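Data block below; observations after.
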Amino acid sequence: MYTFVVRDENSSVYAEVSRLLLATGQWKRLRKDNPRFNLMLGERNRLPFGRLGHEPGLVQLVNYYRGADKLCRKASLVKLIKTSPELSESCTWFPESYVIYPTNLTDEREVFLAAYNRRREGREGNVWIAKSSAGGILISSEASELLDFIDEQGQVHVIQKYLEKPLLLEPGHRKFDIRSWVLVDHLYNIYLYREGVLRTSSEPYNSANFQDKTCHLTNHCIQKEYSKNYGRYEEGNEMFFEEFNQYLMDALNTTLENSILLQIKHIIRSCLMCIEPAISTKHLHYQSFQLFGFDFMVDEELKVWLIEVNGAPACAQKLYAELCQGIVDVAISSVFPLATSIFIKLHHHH
Amino acid sequence: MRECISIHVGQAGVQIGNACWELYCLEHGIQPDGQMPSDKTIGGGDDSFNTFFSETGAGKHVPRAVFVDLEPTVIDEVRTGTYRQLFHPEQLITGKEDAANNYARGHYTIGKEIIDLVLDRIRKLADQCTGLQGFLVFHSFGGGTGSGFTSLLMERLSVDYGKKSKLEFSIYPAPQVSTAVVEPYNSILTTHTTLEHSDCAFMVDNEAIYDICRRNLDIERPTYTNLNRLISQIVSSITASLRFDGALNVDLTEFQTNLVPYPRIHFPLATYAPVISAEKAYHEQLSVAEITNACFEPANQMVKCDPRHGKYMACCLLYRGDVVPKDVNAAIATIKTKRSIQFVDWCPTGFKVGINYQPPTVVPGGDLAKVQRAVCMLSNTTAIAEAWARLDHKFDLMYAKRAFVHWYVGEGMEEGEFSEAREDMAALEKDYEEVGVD
Amino acid sequence: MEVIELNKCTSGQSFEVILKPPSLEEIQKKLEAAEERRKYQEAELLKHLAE
Amino acid sequence: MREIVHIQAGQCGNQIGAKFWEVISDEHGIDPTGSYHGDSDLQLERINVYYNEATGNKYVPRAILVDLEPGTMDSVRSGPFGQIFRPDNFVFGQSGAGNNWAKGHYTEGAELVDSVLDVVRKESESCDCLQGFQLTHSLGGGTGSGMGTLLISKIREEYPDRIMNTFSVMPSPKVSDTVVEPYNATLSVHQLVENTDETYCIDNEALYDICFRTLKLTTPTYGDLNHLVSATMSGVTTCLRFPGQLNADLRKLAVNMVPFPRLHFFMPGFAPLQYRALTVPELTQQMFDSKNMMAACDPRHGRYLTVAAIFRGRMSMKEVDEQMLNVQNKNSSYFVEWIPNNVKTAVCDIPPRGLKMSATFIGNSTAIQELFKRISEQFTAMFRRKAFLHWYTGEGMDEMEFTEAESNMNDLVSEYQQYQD
Ligand SMILES: Nc1nc2c(ncn2[C@@H]2O[C@H](COP(=O)(O)OP(=O)(O)OP(=O)(O)O)[C@@H](O)[C@H]2O)c(=O)[nH]1
Ligand SMILES: Nc1ncnc2c1ncn2[C@@H]1O[C@H](COP(=O)(O)OP(=O)(O)CP(=O)(O)O)[C@@H](O)[C@H]1O
Ligand SMILES: Nc1nc2c(ncn2[C@@H]2O[C@H](COP(=O)(O)OP(=O)(O)O)[C@@H](O)[C@H]2O)c(=O)[nH]1
Ligand SMILES: Cc1cc(C(=O)Nc2ccn(C)n2)on1
Ligand SMILES: Cc1cc(C(=O)Nc2ccn(C)n2)on1
Ligand SMILES: [Ca+2]
Ligand SMILES: [Ca+2]
Ligand SMILES: [Mg+2]
Ligand SMILES: [Mg+2]
Ligand SMILES: [Mg+2]
């Protein structure tokens, strides 16, 4: 009888995993503080990694990788890419980004300003965006408004180049982002969930007005609140891979695999492979796995850009059942076996 | 030459001390009857090994050690074991009833009755020391004597030997090789009262020593013999600088200078390699680069933690055998570009390297294979604070219900001393958090 | 990769490699106060037994 | 040299104490004449804990037989092993106790107790370092119950820093001698709460169930019930009588087993309970089973504060851990979570006589309150009508003392009640 605990009472994903475990009759759930567990579904913040793997006779597995926040924090990702050689500062698939601390508190203000001045000095597009992990986003083309917006906040803010030429879905002349659910098992095998979702914008894109952020931010919550065309084109502003792969063919004479998925798969490998020697639990006294939520941007040239990596992502309503079961099959049963894979293994060198 | 006095308290301390002095005699060529054919200074001399061994006119080489326990069973083994001819009966001190895994019993009730006899026996060893460096205190955390009597002895040694260093070799409680439930209390109680009296403490988690025995030595269910035969290898690596010629860690003070920049954070993490099963007829000999890189695999740490999520304040590489500086520096570079070695800002990023040419000595008919080169890495990492977290947590689970508290209050200790010690451990964790986290 | 303080002898050598520079009176009052609490504890155990 | 002083009081106490000395004498290789004929040093390594060393290399049990009538100790002396006991350590009267706690505690027992303490004092004085005392007795009778607790009451006054443990046989209507057994047991329990470090609860009802159902014994006798008690007592003392990493003294065992001073009543269990070898998975699954326990309390109704398991014989300690873990995971919700690692395992190389391997269970469970609840209900059933009280008030007892014992028992049930939620 395998045992597990539930310490994050908000994870919609692992609330389904928990239910699936009990459905096997071979998993017993304990109290959130019982130390005799095989698998821990830990809390988001301040997860007590230092107490894992110290129970005699118990193999213990946790649904998080200690140190993966370096990839899932706004400022942390930019610093990780700029400092990491595997990614380098000339990283082609990450928008130009600078870490800006509020003045009431290293800082890249001057570096960003020189980059800004060089653009305006050359007539180039100069639309930037300011955002932070505690969000509160601002789209502006004036280096002043963006910097002053950050000084009005008390946490670390990031400013990156705003993609002014995004791929627009027709009809609608609208924007969108791609969400790819990734899973890294205890062996560090990088599995990409075959199914993704495009969180679409129900408002036409207007490059001459960045103040109305409803046609520029493709967040599912922004569209369902301030956008008045929600669910018009697709249900819940969610376009799934089968339909979007069909639009890319009829509209652009290409496929989701060639035009986008190849880069999405390459960007996932490059990031996870970069932080392997720091978060891997190969010879560790406990095992880690984790489900990541990658967010991509696609410009009009069919170039994929990484926006951010989410370490605690939800899931599309239509995809919970399929994805949660795969987590149990690749991430859990692989360690605690019972009595066509929905993923795509991204081969790499450990 | 300055001397070192070894003090072994309780069953854990005493049995570990038995394995260490065995290895010391083998390493220095000292026969079980205390003779040393190579020593040409008969009854005297100020050589490196004389820091751990005095000499009688009869040429016998007597360890500078005291064994103390509250029950006689474990010390009686030494009185008749193989090396019974090394120790004088005065160096072996025993009571009649132990501390029953009760710190209060070992510190107050029974301890107060034997403390002055131990100090007198220690003073007698000091009287033979022209320049005493200090003491090495071997003991367990979870025992009633190793925890309760050690801290009392440590309090007293500070008063009588103020200017003397005191290093600890502590056994951290692992539930798989122990049959107690009050060990969280005893550990925090003794760590609380011993912190300001120990200049440097090398903890060894039985859980880590145990897994090494199962994994590398292929021992299904290891015994204390297997555990201590390995612990002695590590202890030998750490004290070899004091018993042989050299320039690194030449006296007990240099241990603090090179490993402990902050007085409270004096718990260096030990990492040893290689550990090869002797049953293996032929095992390939690892290179400086291969053993050096093993000092960063968790499975070779005396305490299981993750240095990738801590900050180093110091790091020592103690090599034994066929190791040349050229190959060490080379491997040190290869490990910076591939390893997460994040020092603290107010400290240089470097390594103090010591090389002794004599390879690790193996005990005849033991568990360890004969290797051509070994290394012990002492590093002061904030990841060892994981060990305090585990311990403090267990302490908190019992102390919330006051479970077992009556056994301690009943032996004179006050209940306030519990939370007083716990508040200190909390401050100790808080100090580790400041130095290694941003 | 600087090597400092290279000390060599017959049984070995040591050095340091730097990669990057930095960016009684009261002891009896507690042993006696606990002995008086044991005396007082057994003083109530005997008086209890006298009743 | 950690000597234990053994004391058996009354009929049940002396009969249970007799089989005990009969059993461990065989384990240590001591014949009924005190001569050692064993073949292992493990038998003599820690033999001095229950046996004195006499002239001619004889081994005399450090035991003291007490009773208020001569019948039972005539049997012990006339028995085969009876010749092993010290002739001077037989201390008995002639009046009998009449299955009356008052006669054992206040009147007849009061007249004899001082002489018993002279024999105890004679044994203690020749002790290099006394661990403490163990008493075998029943709680439903008059001598072992009334005088047994009176003995303990005076041993603590004279040995306040020694361990005082008892093997207390609890009465059951299923195996009852008289209707006043609830009175005698209620009066003894309160004494046990105040003056014993550990009390092993041996319920005759659970012993009858074990003999009847599991052991398939039609009409169980007292000797049938005692064979189990012998096997259990041999087990819960293995960590004492034998050397190795498991050797400890009473105090150390109590320190790790008793988290609260008054909740020191243990549930013992044994296994196996026909020539079929018992695979490690079989020993361990019964050892935690209620049908294998000797306190007639359902573990699933309370919660475990501490638990010990002594495995005797030769087997794979690796297989034990795996099966032990499986038992813990199936009953995870029953062990308190605020005592880390509260289930320990020990091994002894010497198996009991004629068994490849056995398992002895020692549980500190809050389910033990069922036992005290039965006693309490039975007590009140008679006391509400004041039935049979004249046997006690004739010995100089008052009703008030019964009311106080009823309250003290209930308070005990409530104290166990808090630590179960
Ligand atoms: N590594 C190692 N650990 C040991 C050894 N002996 C005991 N221990 C550990 O020490 C702890 C028990 O404390 P002891 O040292 O046996 O107790 P003590 O110091 O003699 O004090 P008392 O309670 O009075 O006996 C347990 O956690 C054991 O696992 C040993 O020989 N080697
Ligand atoms: N550099 C950039 N260029 C174009 N659009 C951008 C952008 N940075 C952010 N966006 C827009 O912002 C939205 C996502 O913002 P971001 O992901 O930083 O906030 P967030 O982290 O709170 C959402 P989530 O964490 O759920 O993915 C996307 O829909 C995208 O359209
Ligand atoms: N298990 C067991 N119980 C007994 C034995 N003898 C008596 N009893 C129980 O003890 C109670 C009677 O007490 P008893 O020992 O005869 O009183 P005493 O001799 O005056 O101390 C009854 O509840 C009996 O069931 C015995 O040999 N074995
Ligand atoms: C005589 C005697 C023995 C004990 C006792 O508690 N023994 C224990 C406890 C745990 N184990 C393994 N053995 O009490 N009276
Ligand atoms: C609960 C629980 C049970 C025990 C136990 O039997 N402890 C033993 C047995 C032998 N020694 C030396 N210690 O400790 N905690
Ligand atoms: Ca000071
Ligand atoms: Ca009379
Ligand atoms: Mg947001
Ligand atoms: Mg001991
Ligand atoms: Mg009778």
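Residue 1 is the first one shown; counting continues down the chain.
Header entry for method reads X-ray crystallography, 2.3 Å.
Just so you know, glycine gets a Cβ as well, placed from its N, Cα and C.
Between the candidates D:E69, D:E282, D:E319, Swiss-Prot assigns the GTP site shared with D:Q11, D:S138, D:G142, D:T143, D:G144, D:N204, D:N226 to D:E69.
Feature annotation (Swiss-Prot): of D:1-4, D:177-180, D:245-248, D:365-368, the stretch labelled motif 'MREI motif' is D:1-4. The number of other Cβ atoms within 10 Å of the Cβ belonging to D:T143 (GTP binding site), over all protein chains shown, comes to 35. All protein chains considered, the CB of D:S138 (GTP binding site) has 30 other CB atoms within 10 Å. For D:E69 (GTP binding site), other Cβ atoms within 10 Å of its Cβ number 19. D:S138 (GTP binding site) and D:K58 (ubiquitin cross-link) have their C-alpha atoms 31 Å apart, to the nearest angstrom. With all protein chains in the displayed structure included, the most crowded Cβ environment within 10 Å among the recorded positions D:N204, D:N226, D:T279 is that of D:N204. Other C-beta atoms found within 10 angstroms of the C-beta of D:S40 (phosphoserine) number 13, with every protein chain shown included. Around D:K58 (ubiquitin cross-link), the same-chain residues six or more apart in sequence whose CB sits under 8 Å from its CB are D:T33, D:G34, D:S35, listed in sequence order. Residue annotation for GTP gives D:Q11, D:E69, D:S138, D:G142, D:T143, D:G144, D:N204, D:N226. The furthest Cα pair among them is separated by 23 Å.
Spacing of D:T284 (phosphothreonine) relative to D:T143 (GTP binding site) is 37 Å (Cα to Cα, whole number). Ranking the binding-site residues D:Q11, D:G144, D:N226 by the distance of their Cα atoms from the Cα of D:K318 (ubiquitin cross-link) places D:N226 first.
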